[PDB]
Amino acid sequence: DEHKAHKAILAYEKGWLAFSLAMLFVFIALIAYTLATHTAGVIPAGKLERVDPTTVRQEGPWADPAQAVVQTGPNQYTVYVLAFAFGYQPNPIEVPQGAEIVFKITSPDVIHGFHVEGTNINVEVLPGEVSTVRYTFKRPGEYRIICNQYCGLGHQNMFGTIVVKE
């Protein structure tokens, strides 16, 4: 009886555990797939790229927001974005649809998020570090940037804009 129930419980549990293992492995394989596709461009470059937050608004590629979008390939643009308390520059960021965009984002103050609504771009922005992510916008129009990392009392109203031109 208790002997019986015990044997049956462990038998089926071994089955569930194999099944649950299988399912986790399928997820692993489905994740590896994403990593091989263009959708993995939003994963940050793993690369340490150190900058100085106290001079980033005075010298170097973030110091002139109207020149922040730079053609770096025949179908590629690099955008130097500053996330700061409490906004983004340039504003708007203007890019052509269907080009590959390399965003290089940093902060002069505290950590901010950089979440482009409607896309998988969703990256933390650390002072002293450059976050590099890539994305190709397929649809023209206006996309909102939301700050999703608490950065102080201006956080809830910290937004920016990307304009993707036809």
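Don't overthink the numbering: it's just position in the shown sequence, from 1.
Averaging C-alpha B-factors over each stretch, which comes out higher, 82 to 90 or 68 to 76? Comparing 82 to 90 with 68 to 76, the higher average CA B-factor belongs to 68 to 76.
Out of 149 to 157 and 7 to 15, which stretch has the higher average CA B-factor listed in the record? According to the PDB entry, the answer is 7 to 15.
From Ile111, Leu30, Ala36, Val133, residue of greatest CA B-factor: In this record, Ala36 carries the highest C-alpha B-factor of the candidates.
Which has the highest CA B-factor per the PDB entry: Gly118, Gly41, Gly128, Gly46? In the PDB entry, the greatest C-alpha B-factor among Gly118, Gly41, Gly128, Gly46 is found at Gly46.
Per the entry's values, where does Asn122 land by CA temperature factor relative to the rest of its chain, in the lowest, middle or highest third? CA B-factor rank for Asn122: lowest third.
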